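Below: one structure, written as structure tokens.
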Amino acid sequence: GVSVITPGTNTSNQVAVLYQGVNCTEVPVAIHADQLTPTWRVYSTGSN
Amino acid sequence: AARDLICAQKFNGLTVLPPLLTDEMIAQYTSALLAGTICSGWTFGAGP
């Protein structure tokens with residue numbers, strides 16, 4: 001169960017995803033970012 | 001390597017959520033509590 005931090009949709013549309021027990025080097029191993037849509041890539045890999 | 005049943009929690013949908021207070025942060029809280037015992041006594045809980 002990926003815990004998605006979601007604000008109120010009346011105010012915002014941006015999201016951020018918690019991957020539980022997952023280190024930042026293994027985020028492209030714990031989800032398959034090579035298959036994903038290009039909207040999912042900025043939320044899964046980034047400078048933030 | 002993976003045979004034992006704590007891997008079978010991951011096999012069959014049971015996820016242990018990590019706590020909001022990790023054991024080092026509970027150790028930070030209870031270290032403040034131990035300092036509150038030893039040289040503020042019992043007055044630390046009613047205020048500062």
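Identifiers for the structure tokens are assigned positionally: chains receive A, B, ... in sequence, residues are indexed from 1 per chain, and ligands are indexed from 1 in the order shown.
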Margin query: Please check the contacts: residues of chain A at most 12 Å away from chain B, using only C-alpha atoms, listed as a ChimeraX atom specification.
Written below: /A:1-3,18-22
Would you mind exporting the chosen residues as a compact mmCIF listing (two decimals), in the first residue's frame, restricted to N, CA, C and O atoms?
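As written to disk, out-v5.txt reads:
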```txt
# COMPACT_ATOMS: atom_id res chain seq x y z
N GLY A 1 0.82 -1.19 0.00
CA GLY A 1 0.00 0.00 0.00
C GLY A 1 0.86 1.25 0.00
O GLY A 1 1.46 1.59 1.02
N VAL A 2 0.93 1.92 -1.14
CA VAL A 2 1.72 3.15 -1.24
C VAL A 2 0.94 4.30 -0.61
O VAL A 2 -0.22 4.57 -0.96
N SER A 3 1.54 4.92 0.39
CA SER A 3 0.88 5.99 1.13
C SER A 3 1.09 7.30 0.39
O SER A 3 2.20 7.83 0.36
N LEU A 18 4.83 8.23 -0.40
CA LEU A 18 5.67 7.49 0.53
C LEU A 18 5.75 6.04 0.08
O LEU A 18 4.72 5.40 -0.15
N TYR A 19 6.97 5.52 -0.06
CA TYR A 19 7.21 4.11 -0.31
C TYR A 19 7.77 3.54 0.99
O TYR A 19 8.88 3.90 1.39
N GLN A 20 7.00 2.68 1.65
CA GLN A 20 7.28 2.30 3.04
C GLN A 20 8.45 1.33 3.12
O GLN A 20 8.47 0.29 2.45
N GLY A 21 9.43 1.66 3.97
CA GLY A 21 10.60 0.83 4.15
C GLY A 21 11.56 0.82 2.98
O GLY A 21 12.34 -0.12 2.84
N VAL A 22 11.52 1.85 2.14
CA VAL A 22 12.24 1.87 0.87
C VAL A 22 13.26 2.99 0.92
O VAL A 22 12.91 4.15 1.19
```
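Around residue B:44, within 10 Å and counting only C-alpha atoms, the residues found are residues 32, 33, 35, 36 and 37 of chain B, once anything fewer than 6 positions away on its own chain is removed.
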Atoms to include: C-alpha atoms. Write the selected residues as a CSV table (one decimal), in the first residue's frame.
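What landed in out_13.csv:
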```
chain,number,residue,atom,x,y,z
B,32,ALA,CA,13.8,14.1,28.1
B,33,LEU,CA,11.6,12.2,30.5
B,35,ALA,CA,16.1,14.3,32.7
B,36,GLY,CA,12.6,15.4,33.9
B,37,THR,CA,12.7,12.7,36.6
```
Problem - Residue neighbourhood residue A:47, 12 Å, only C-alpha atoms, exclusion window fewer than 5 positions, as an NGL selection string - result: :A and (24 or 41-42)
- Report the residues of chain B whose backbone DSSP state falls under alpha helix (DSSP H), written as a ChimeraX atom specification. /B:5-11,23-39
Checklist entry - What is the atom CA of residue A:16-atom CA of residue A:45 distance in Å, reported with one decimal? => result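 Atom CA of residue A:45 lies at a distance of 10.7 Å from atom CA of residue A:16.
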Taken to one decimal, the atom CA of residue A:37-atom CA of residue B:11 distance is 26.5 Å
